[PDB]
Every structure is written in C-alpha cells, then in structure tokens.
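Novice: got a sequence here, can you build the structure:
(chains A, B, C, D, E and F, ligands or ions: 2)
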Amino acid sequence: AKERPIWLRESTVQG
Amino acid sequence: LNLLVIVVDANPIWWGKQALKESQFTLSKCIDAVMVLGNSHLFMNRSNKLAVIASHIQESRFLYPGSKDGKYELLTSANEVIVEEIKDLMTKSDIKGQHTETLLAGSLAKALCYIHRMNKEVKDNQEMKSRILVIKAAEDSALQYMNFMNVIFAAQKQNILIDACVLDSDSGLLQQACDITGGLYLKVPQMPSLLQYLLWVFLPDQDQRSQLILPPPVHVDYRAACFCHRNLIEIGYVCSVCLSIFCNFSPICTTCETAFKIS
Amino acid sequence: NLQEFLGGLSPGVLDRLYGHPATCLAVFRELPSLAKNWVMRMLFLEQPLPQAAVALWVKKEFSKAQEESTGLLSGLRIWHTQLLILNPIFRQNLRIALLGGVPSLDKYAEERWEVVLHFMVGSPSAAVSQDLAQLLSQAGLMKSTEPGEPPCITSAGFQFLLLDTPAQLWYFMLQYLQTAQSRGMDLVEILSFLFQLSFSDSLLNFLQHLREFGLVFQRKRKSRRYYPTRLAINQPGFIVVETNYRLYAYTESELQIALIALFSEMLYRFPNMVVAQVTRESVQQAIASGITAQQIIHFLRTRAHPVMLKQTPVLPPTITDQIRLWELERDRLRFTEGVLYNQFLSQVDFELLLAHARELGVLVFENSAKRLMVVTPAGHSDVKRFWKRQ
Amino acid sequence: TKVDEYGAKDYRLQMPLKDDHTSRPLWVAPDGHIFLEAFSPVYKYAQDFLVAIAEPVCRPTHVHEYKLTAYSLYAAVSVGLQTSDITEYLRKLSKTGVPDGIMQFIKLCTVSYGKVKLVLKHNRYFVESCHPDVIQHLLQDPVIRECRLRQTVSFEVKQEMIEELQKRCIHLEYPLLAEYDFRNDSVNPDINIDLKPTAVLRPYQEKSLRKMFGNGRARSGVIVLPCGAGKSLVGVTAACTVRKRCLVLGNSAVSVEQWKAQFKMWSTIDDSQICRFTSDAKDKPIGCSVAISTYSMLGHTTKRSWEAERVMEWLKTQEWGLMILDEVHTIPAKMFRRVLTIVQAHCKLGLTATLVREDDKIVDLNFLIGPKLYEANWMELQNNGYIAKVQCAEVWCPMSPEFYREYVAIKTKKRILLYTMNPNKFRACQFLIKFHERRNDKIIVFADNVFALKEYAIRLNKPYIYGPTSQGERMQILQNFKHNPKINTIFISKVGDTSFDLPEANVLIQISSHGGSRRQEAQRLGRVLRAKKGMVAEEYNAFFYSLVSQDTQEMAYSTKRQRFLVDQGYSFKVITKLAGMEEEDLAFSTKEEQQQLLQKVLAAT
DNA sequence: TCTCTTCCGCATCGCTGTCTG
DNA sequence: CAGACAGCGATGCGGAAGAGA
Ligand SMILES: [Zn+2]
Ligand SMILES: [Zn+2]
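Specialist: Residues are numbered from 1 along each chain as shown, chains lettered A, B, ... in the order given. Ligands and ions are numbered 1, 2, ... in the order given. The coordinates are given below.
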C-alpha cells in the first residue's frame, strides 16, 4: 500500500 | 550457441565384417556422412562449434579438438583433420582377442567432461546448449552397464541431450540412456540413406526440436532382473547396503554378508 | 537490414548473385530460425515434393514461424513449386559450399572512420578526397551547390551523424550500392565481395572506396592481397548526465566533442573531460537542423558512462522528459498544404465529394458540422476536374 | 581566457594532466570552479576538504560543483588551514594540476588574512594589528580619517561607520578578523547556560558547529541549514557553547515565540533568565541577559516608546557575546541591516534555510556577518533520512482557450490574476487534492493572489488563511488540520512562507507563485521536509507540486524559480497530463462555468 | 478604576511593474 | 536598457476603544 501515483512513477510525456 | 559432439562407434570387428561381406554400406561412407553432418552443423551459425570422438576396443581418440577447391577455409580444416586422424587410428591398432566388444561408456565419459571444459571457458554472456549425437554400430557389452549408467545420469544433471542413432542393432542400454536425458532415438534401417535422417531428425537443435514433427519415441522396457539368473523379475528383494535386485528371500544376500535378523 | 536489400531484387539478378564462393553461404546465415533446417533437408534431393508436406512438418504451435520462413524464402526464390525443389544452381553452389568443390587494423578503421565524420561536420582540418566528398553529396546526406565553397550538411546529415557506428556504417554502404548502379557499377560483382569478406576495374575502384572508408587496408602499397578490418565483416560509454542538464564527457577525440556540441552548450574542456549544458537554445537548434529527440536520447544512452549504468533508467527521467517536450513545442503548429471549400449549397454534393475524396485519398481533413474540408494541391486538380465534369 | 571554436574555454595549453588521473577524482578550472566525483572511493575525503575551502553552487548526484572565492578561502584560514595546508593537498587531489592563476590567488588570499583584526572592548571598536606597516599604508584614502572617531597598534573606530569600513577593507585586500575569544574574556561574565543531555546533535549539525568553532575562539559566519534539519537546535547549541550573553533576533511574532520554546526545551537555562523584547508582550528585558527580539523593533526608525526606549538604550550600552540572526537572507534590507551597527556583538552567528535572493545583496552577507561557514548537503540528508525525500514535480496545466485570448490580447498585467486562475489548473488542483485526500495525505495549498486563494477556497469550501485573518481563527484552523481527521488541507497565503510552526504534510500544492523568487520556493518547500517518525528515503512519501500554466508568463518564473532547488539536486519532473482526470468529475466541466469566472476575473479590475 | 485585550494608523520589505529619459 | 516611483501582498511597530476583576 501507500504506492506512488501513476503520473509520478513514470513520465506522462507523450514519448 | 550449440556445441555438438558426434560419438561415432567405429568398431573394426563389426565394421570390418561389412568389408568382408562386401556390403554396400562401409565405414568410409559412415565417416563421410558424419563429416557432412558436422560441416552442416557448423554451417548453421558461426557461434556453433562441434567435435568428434571415435570408439575402439582399446580406447577412444578425438577426431577433432587454403581454398584449393574454392572451399570455406574453416570446414576445410575439419575435412582434412578428421580424414587424416581417422585413418591413423584404423590403420594402427593392436590385436587383443580377449577384448573385442566396442567401448562406448568411456568414449562418452570423455565427451561429458569435454563439454564441461568448453562450458567453463566460454563467456558467460552466451549460453551453450550441448548435445551428443551417439551413433552406435555394434552390440554393447554387459560388463559396461554400471559405468554407462553413471555417465547418463551425469548428463541429466548437466543438461546434455544424448541423441542415439543406433543402426543394425537395438542396444537396450543405449535406448535406455537417451530416454533419461530426453534425447531422441532413431533406428535407421536404410544405412545407405542414413545421411538424410541426420539433417532432418538429429540436426535440428533442442531449441527447435519441440516445434517440429519427429518420429515418436520408442517404448522403453525398464526391465529388472535378479543377480541369480539375469531374468526379468517384477518384484525385487534389495537390501540396505548392496542395493542389488535379488531373486527370492534369503537368509543373507551373498553380495552383502550382512547379519540379517529374521522376523 | 540486409534482408530488405536482397528482398527487392529480380529473379534474374538473384541467381546470378548466387555466386559459388560465398553468396550461397552468406544468404544462408540470414535464414533466421527454420529455413536453415529446411534448406539442408532438401539439399540432396533431385525430386520436388508436394507443398502439403512442408505445411504439416511444423506443429500447430508456432505455426506462424513456418509461414514467415516460407514467405521469406519464396521471395529469395531458393526453390520453385514445379507443380518445392531448390534451384539447381543454388543446390549445386550450396553443395560446393558444403564439403564440395589485427589490433592495428581496428584502430585504422576507427581512425579512418573518425576522420570521415570530421569532414562530415564542419571541421577545418580533415582528410581531403574529391571522390569521397561527391559520393557523400550524392549519398543524400550532403549538398554543396557551389564547388568553390565547401559543401554544407543537410538535415539528413545530422540524423546520420548521431547514429551508432554500426547502423551509421551499414546505412552508408547501403547508399553506396544504390548509387553504384546509377554510376554504372555492376551491383552483383561489388555485392558478392561484401559477403566473401565475412568469411577488375570496378573491383579496384570499389576496393579503393572501401579502403577509403577504413574497412580494408592493403598495407603493401595497394597490393592484390587485403586484410579486412573489423568493420569490414559487418565499447564503454563516457558521457555522464546530471539532473540539471549538465553533461560531463570523458572525451579526448574531437569528434565526440563536436557531436555533443550539436545539441548542447559547451562550458569547459579539460584534457580528459568536457562540461556541456543541454539548454533550450541548443536542443531546439538541433531540432531545427532536422534532428529529433529520439536520436539524442539514444545517442546519450549509448554513450552512457558506467557510473550511471547502475541507476534504472540509465538516463534520469527529467532529462529525457525535458528533451522530448522541447521538440514537441517546436511542431505545435503543424503545417499542411491544402485547399479550402466554401458555400456548399447542399450537403449531399458535399458528402458525395467527400466520398470521392476519401476513395482517392485527396481529403486531408473534413468538417461535417461546418460543411467544409481541405484538399492538398495535388488532389485539387482531381477534385476540380470532378467539379467541372459535374 | 582562451575560447575554443565553441563556447567552452580552452585549457589544453593552460594546465597539464596527471598521469594517474583516474586515481585523482578532482578537477580545477582556472576560474576557481571545481568538479568533484561522487562515485570515487575517496569522495568523502574530497568532500570534506573542498567544503572547507569552497562553497557549493551545484551538488547533483554524480558530479558536484564547487567554486572558491576570497570569502571561502578566508574561512579556511580561520579554521587553521594555511596556504600550503590546502594548496599542497589540492595539488595532490587535483588530477590535472593547479593553474598558476589559482595558485597565486590562493597565496594572495591566505596571506592577506589576520593582518587586520577588529576587536570591540568597553563599547569601543579598535582595529588591532600586530604588523604596523599595514596601518601605515591603510590610511591613504580620506574615508579612514573621517570614519575614525574624532607593536599591536590599534585605534578606536566610530560605531556607525563600521559597516562602511568593513566593506572597504574587503576590496582593500585586508579582511578584518571577527573571532571572539570567549574562552579568554573577563570583561563580560559568563552566563549560566548549559546544554542538557536530552538534546541530540546530528552529525551534520556537529560538523557545522565544528566549522564555526575552528579554534578556541568562536568565528562569526553564516550557517545555512534546512528548516526541517533543526537549524534552531544548532543556534541554541552555539549560544550554549559561547557561555556569554546572546541576543537572538527573529523576523516576526511567530519567530520569537518558537525561539523561546527552543531555548527552554534544549537549554537548562531558567525561564526567568529569558526575555521577549516584543512590543506585544515583554518579560523585563533589562532584568535578564538571554533575550529574543525582532529586526523591526531594534531597527525601528520612527518614534520609540518610553519603555522600549529604555530597553533599546540598555541593549546599546551592553556588549553581547553572540548575536544569532535567523533568516539572514533579509539582513541586507535597509532597516534590517541597520540593526547590525545598532547593537554590539563579538561574533554575530547567522542561521537560515534559503540563502538566495535576486538583488545582488547576498554577497554583502559575507562582510555584514561573515563567510558562509557551513551549507548542509540536502541530498546527503535525504539519504541519511534526516529530511523526508520529496518527489518534486511540476504539473503543466494547459490554459483554457478563452482565457488565453484576453491574456494575450491585453498588454497590461491583469494576467497575474488571470493565468493564476484558469479552469484547467483549478480542475488540476481540484483533482490533485481529491487524489491525495483519499490517500490520507496532508495538503498545504499556497497562492500569492489572495483573490485567487479565496475563490479557490470557497468553491472547494476549504479553510483558507491569509494576512488579515484573525489570530484566533488562524490557530483554530491549524489545530483542526493537525487533529481533525475530517479536514486534511489548509489553504495558506504568503504568510505561510514567512515564518510558522506547521505540522508535517505529505504534499504541498502551489496553484500560484509570487514570482521568480528562489526564496519563496525554498521557503515553501521546507514545510514538507519534516521527517516522519518511520518513513524511508526511497518511499518518496513527501511530494511537492508547483502547478503552472503552459504558454504563459508563469512558465518563465517557474523555471527561474526552481534554479536553487535543482542546484541542491532535486529533479523537477514535468506532468503534461494527469491520469484519471477525465473520468473524475470536476468543476468547470462546461463552457458556461468558465465564462462566469472570466467575467468575475474581468470585473476584478 | 485599572487591566488586559483588541483594533486603527504608520512604517517596512519581496518582488514586480510603470513611467518617461 | 535605465533610475525613480509605485502596487499588491506580506511583516513589524505605536496610539486609541470594549469585557472583566
Ligand atoms: Zn534368481
Ligand atoms: Zn546386501
């Protein structure tokens, strides 16, 4: 639990 | 890569009998077919490497550790080295009437360690999937059972496939050997057309063997027999020391001399 | 890849290309997984066999590998249905190919290739060769337009520059072969030599160009015998990337510094190190010339110092993310030539024209709500002709 | 001096390369910049040495960046490091030798130190100097004679003109010595202050204190430490070690309150011996020695109250062993800097957490107080667990179409109220808060624009705080935030960044920013650095969001606002889009809602 | 009647912005 | 560009009005 959010775990840039 | 090892069973007592019989098949063609299989194998990829081993009643000697006809240089060395070496072994050989059965267990023993020697030196980056294409040509010896069984188990633990290619005879021991390690077992009845088999059955490697249609395995009769008679027995009375299959209950098994206590 | 090159060839050239010495062998290694096995099986057969047998010789699982292999070789035309026996010439040649019938060099290849790239970039000091310059100019990666002035570097030149040496070299030789036909050099004769390496007037000129690229070196005042370099048959990284757009590269060769300067601002140059910063000015400058963010990330990734190999990903996410964003901003306004329509009396005609444009592919964008669309000038004549025909 | 074909300067013909370069992990540029390797086996030894002689400017994970200056070198001599003591090891550590320019610079800086010593005795400042020749050639400029009030040669100097003279000597190549020999000082009796065993000093805190106390004499300088690192504890320890009268100066009402609590909690000194020279309340400042005051009151320029006048006169007359000035980054301010001359102190230690500002007045802190003694490695503290790891991020919020049209159309500066208030950021913060709210994470919103802050709060019906908010309501809101589970978010205005003792928060969203102020960003960032009871560095439990609007002036400030943070090592990740925003229902989901906000924004004037 | 507490009115600072040269 | 003045948002301080003993 207490896992990091998706938008911080991996780059959200379209690339 | 794949490191092939071809254990050719060149027994002069049996192969020479063919020469006397003047049959179509001869040892020379057998060596040529194996030579072709080795050449074709290394043909498959640069990383691939091979070897050869010959068997004789006395011992086994490795047959393998420019472009005059426009040939590939590397395979040319293989063609020359084996041809020169095989003739030397056959031409020079002592005579011992007492010992005439072909030796195979020791021949394999040299192979298993050879692969281990190669497996150590090769870089850990590349994985090596070794194989042994045993080509029997004569009946096996009863006294060699114990030694031959150990090497087969060694192969299983070491993950090497014993691809038997017996011909002219079905050695129950060898077919027992290949089954333990998962190697294929093909009994070619058309000796002149032997080579078409290898390039189709044996040549494909373990990586592609599964995704390919090959002759179904032969049923293996895992017979057991008492030491009294050597006859098939379905119930064995072994002890805790000999681990020997015996015929019927006895006060003490001869091979143990233990003080068995009745009850 | 080499498979793409051989795939696009006529049957007539293919069998001629299947020279006895090597081609029957070099094309064999290309055969990925199964075609190799099938080739050997039907190598001693003089009788063609039915097509059904081949289909059923691969288990149901992994059946796709069978179809791709058969399709791949059918293009290579190794066999013919004849109703699948192999080509007798290839069968004979292959059978002849199967029991029938150094440290200084790599440095030279490393050095010779490096100087070529130095000339490729605007390096004041570089090797001079008129044949080499024009070859690159007609290679599609350089344009001069003025013999007196040294040629500049086109957009494609930069993309080629940042590629890795194997891909860089392989593509370079690929253009050579295509241009070899244009200049009149026989393609088959020159091609066969490359295969023979991995084991006439054109040959001497062709070898001279190869010797110029650094792949081969006679070493005996241009003698008949040659000793190919490692690159003829076909390393640790040094750049250290920070999280603040700072690059510390342990580079002594001026080529590496020149490459890094293409998309970064240089700050200091130490004898065994150099400090550069990846700022908007540099990256967009590189993007303007023609580069795209993928090459830079790949170029930085491939030349990654061992220190940063431990961290996963090797390149810190922010640096990679920032580089990608900078290129995206440049192409926010996507320009596409087209012709607009106005004053559609009825939507039925507009819809019918839309279907006509879709069938011909002339349409680029359409707006049903506003009853309008855009057509490229190439399709403008077609639609205009359609409108005239009514 | 030599420029290559590219921007970088050329040093091929400048200095050589050591044959065993790989063994040596240190570089030395002629300009003084130094690049250390954080992967070398001997990194720690180099780090201590370089920190002693050089001040960090960039310390990313792999290759740190240090530059040395006259102030940096003087501090090294103060801790007893001679020119050969540093240059010899520097040459040994250097993998490419030492350029002659640095060699001469080091020699000149080290020798030009200790010749002139400033000592205050009996409320008189004497410029002592064992060498007489220094004074003989130091009186060439007329400013010295007019400045002066109208071996071991010393002369009294005017109190007011100390600051003017101090800066003059810096460029005169003769720095003054402010060391306090508290060990040998009988004029002012020692105060009964001791450090209880309960207080625990962290290794970096001890190193910072050790650097300050290079020898038996305390050194006057600035120690920059994170707010969550416990800079208050270090200040208390320095006062306890000095064992003389200390005058801690705060910056606001909250600052003075916390310091008194810090003194009592960590120092055995009795409550009655501590006073609060505060206008709101006082505890007989003249009665006791240890005092806590504020820059405004001491530097207050207008009419002084009678009671304050007596205290101010009492403070001026007496001599202070230590003068702790927290939040030194405000000192160079006109009124604030006057306090330095108003009061007399032997060594004026300075503590802070964001020693950065735009106007080039930070350099004055070197002579106003002293050289920057210590500046803790934020990244190392993160690894050691003393400071909560932060997943710094920058959420890019695309601007709504209509909003951009007015923003670009108008050349005025209504944009500050416009781009700070756009639907996408509102939905972004609304979505962002919602995601963290269900995660049991404490949120602390920020906004420079009170108008935007109020609008965001009422729409989200959250307890927004700001300047004119009543003190009682301010405390009530905070207590609920710390205690009440039903509420886990507080919308603080700029007043939050000034000075407070707020509970540790897992996230810190910042919908708006005052501007390109490295101070505010670092000030606000320090709030979440409070280490949790049992967290881990790699878990990244703490987060920081600085929402920005794309294609707007806000981007320029944000990139200009994060310069200080990246220098420490923090990597600001960009988030173009947030997963789950479309599915989640948020306000301003229709064009009409945006239109009303725009009309209200336009009506703001 | 003090007393505290609290609330207007000045003055200051951070950072930026405006305005005429 | 540049120096002086000023705005919006924060801070501190010092002089004058409500509950409460
Ligand atoms: Zn029996
Ligand atoms: Zn027994």
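Novice: switch to C-alpha atoms for all contacts and neighbour counts from now on
Specialist: Fine.
Novice: how about the residues of the stretch 101-250 of chain C near chain B?
Specialist: C:101, C:199 (CA under 8 Å from any CA of the partner chain).
Novice: strands of chain C, start to end?
Specialist: Using DSSP state E, the strands of chain C run over residues C:142-143, C:152-153, C:216-217, C:227-228, C:239-241, C:246-249, C:265-270, C:273-277, C:339-340, C:363-367, C:372-375.
Novice: show me what from chain A comes close to chain C.
Specialist: Selection of chain A residues close to chain C by CA under 8 Å from any CA yields A:11, A:13, A:15.
Novice: wait, the second one touches residue D:578, no?
Specialist: Pointing back at residue A:13 there. No - the pair residue A:13 / residue D:578 is not scored as a contact, 10.3 Å apart, by CA atoms under 8 Å.
Novice: which of the residues of chain A next to chain C are buried, as a ChimeraX select command?
Specialist: A single ChimeraX command selects the buried members of these (16 or more other CA atoms under 10 Å in any protein chain shown):
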select /A:11,13
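Novice: just send the strands of chain C back as a markdown table, with mean neighbour count too.
Specialist: Listed next are the strands of chain C as a markdown table, based on neighbours: other CA atoms under 10 Å in any protein chain shown:
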| stretch | mean neighbour count |
| --- | --- |
| strand C:142-143 | 20 |
| strand C:152-153 | 18 |
| strand C:216-217 | 24 |
| strand C:227-228 | 18 |
| strand C:239-241 | 26 |
| strand C:246-249 | 22 |
| strand C:265-270 | 22 |
| strand C:273-277 | 20 |
| strand C:339-340 | 14 |
| strand C:363-367 | 15 |
| strand C:372-375 | 20 |
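Novice: the ones you listed into JSON lines, with extra columns for distance to ligand 2?
Specialist: Formatted as JSON lines, the strands of chain C follow (distance: least, CA to the ion, whole Å):
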{"stretch": "strand C:142-143", "distance to ligand 2": "88"}
{"stretch": "strand C:152-153", "distance to ligand 2": "89"}
{"stretch": "strand C:216-217", "distance to ligand 2": "73"}
{"stretch": "strand C:227-228", "distance to ligand 2": "69"}
{"stretch": "strand C:239-241", "distance to ligand 2": "71"}
{"stretch": "strand C:246-249", "distance to ligand 2": "74"}
{"stretch": "strand C:265-270", "distance to ligand 2": "81"}
{"stretch": "strand C:273-277", "distance to ligand 2": "77"}
{"stretch": "strand C:339-340", "distance to ligand 2": "101"}
{"stretch": "strand C:363-367", "distance to ligand 2": "91"}
{"stretch": "strand C:372-375", "distance to ligand 2": "97"}
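Novice: quick one: those as CSV, columns for distance to residue D:453 too.
Specialist: What follows is these, written out as CSV (distance: least, CA to CA, whole Å):
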stretch, distance to residue D:453
strand C:142-143, 58
strand C:152-153, 54
strand C:216-217, 72
strand C:227-228, 73
strand C:239-241, 39
strand C:246-249, 37
strand C:265-270, 41
strand C:273-277, 38
strand C:339-340, 46
strand C:363-367, 41
strand C:372-375, 44
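Novice: closest to residue C:312 out of the ones you listed?
Specialist: The closest of those to residue C:312 is strand C:239-241. By CA to CA, the value is 13.2 Å.
Novice: what is the closest one packed up against?
Specialist: With contacts defined as 3 or more CA pairs under 8 Å, 6 or more residues apart in numbering or on different chains; DSSP states H and E, the packing partners of strand C:239-241 are strand C:246-249.
Novice: using PDB, write out every CA atom in the strand it packs on.
Specialist: Written as PDB, here are the backbone C-alpha positions of strand C:246-249 (Å, rounded to 0.1, in the frame of the first residue of the first chain):
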ATOM      1  CA  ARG C 246      24.800  19.100 -17.400                       C
ATOM      2  CA  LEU C 247      26.900  16.700 -19.300                       C
ATOM      3  CA  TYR C 248      30.400  15.500 -18.200                       C
ATOM      4  CA  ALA C 249      32.000  13.600 -21.000                       C
END
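Novice: so what strands line up beside it?
Specialist: strand C:239-241 (antiparallel), strand C:273-277 (antiparallel) (DSSP bridges).
Novice: show me where the stretch 151-263 of chain B has its strands.
Specialist: Remark: strands assigned in the stretch 151-263 of chain B by DSSP state E, counting those that start in this stretch are B:161-162.
Novice: helices along that one, start to end?
Specialist: Per DSSP state H, counting those that start in this stretch, the stretch 151-263 of chain B carries helices over the ranges B:172-181, B:194-200, B:206-209.
Novice: go through those and name the closest to residue B:24.
Specialist: Using CA to CA, these put helix B:194-200 closest to residue B:24, at 12.5 Å.
Novice: identify all contacting residues around that closest one.
Specialist: B:33-34, B:37, B:40, B:188, C:37-38, C:40-41, C:44 (CA atoms under 8 Å, 6 or more residues apart in numbering or on different chains).
Novice: who wins on neighbours among the residues you listed?
Specialist: Most neighbours among those, by other CA atoms under 10 Å in any protein chain shown: residue C:40, with 24 neighbours.
Novice: what packs against the one helix or strand residue B:38 maps to?
Specialist: Following DSSP states H and E, the helix or strand that holds residue B:38 is helix B:27-44. Where contact means 3+ CA pairs under 8 Å, 6+ apart, helix B:27-44 is packed against strand B:4-8, helix B:73-91, helix B:194-200.
Novice: can you lay out the ones you listed as CSV showing distance to ligand 1?
Specialist: Converted to CSV, the helices and strands packed on helix B:27-44 look like this (distance: least, CA to the ion, whole Å):
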stretch, distance to ligand 1
strand B:4-8, 36
helix B:73-91, 42
helix B:194-200, 41
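Novice: deepest of these, which one?
Specialist: strand B:4-8 (a mean of 25; mean count of other CA atoms under 10 Å in any protein chain shown).
Novice: burial count for the closest residue to residue C:233 other than its chain neighbours?
Specialist: In space, and not counting its chain neighbours, residue C:233 is closest to residue C:198: 4.5 Å by CA to CA, 6 or more residues apart in numbering or on different chains. Applying other CA under 10 Å, we find 14 residues neighbouring residue C:198.
Novice: what does residue C:79 give?
Specialist: Neighbour tally, residue C:79, other CA under 10 Å: 20.
Novice: that one bridge partners, please.
Specialist: Under the criterion used (DSSP bridges), residue C:79 bridges to residue C:86.
Novice: tell me the contacts of it?
Specialist: Per CA under 8 Å, 6+ apart, neighbours of residue C:79: C:73, C:85-87.
Novice: make it 10 Å
Specialist: Contact analysis of residue C:79 by CA atoms under 10 Å, 6 or more residues apart in numbering or on different chains lists C:39, C:42, C:48, C:70, C:73, C:85-88, C:90-91.
Novice: that one and residue C:4, how far apart?
Specialist: Here residue C:79 is placed at a distance of 19 Å from residue C:4 (CA to CA, to the nearest Å).
Novice: how much space between the residue nearest the centre of chain D and chain B?
Specialist: The centroid of chain D falls nearest to residue D:354 when counting by CA atoms, centre = their mean (2.6 Å). Residue D:354 sits 51 Å away from chain B, going by CA to the nearest CA, to the nearest Å.
Novice: from residue C:301, how far out is that residue?
Specialist: Per CA to CA, residue D:354 is found 35 Å from residue C:301.
Novice: what number of residues lie near residue D:484?
Specialist: 11.
Novice: in stretch D:473-492, what's buried?
Specialist: Neighbour counts over stretch D:473-492 (16+ other CA under 10 Å) mark D:474, D:477-478, D:480-482, D:487-492 as buried.
Novice: ok, of those, which one's closest to DNA strand F?
Specialist: Top of the list for closeness to DNA strand F, among the buried residues of stretch D:473-492 and by CA to the nearest atom of the strand, is residue D:492 at 7.8 Å.
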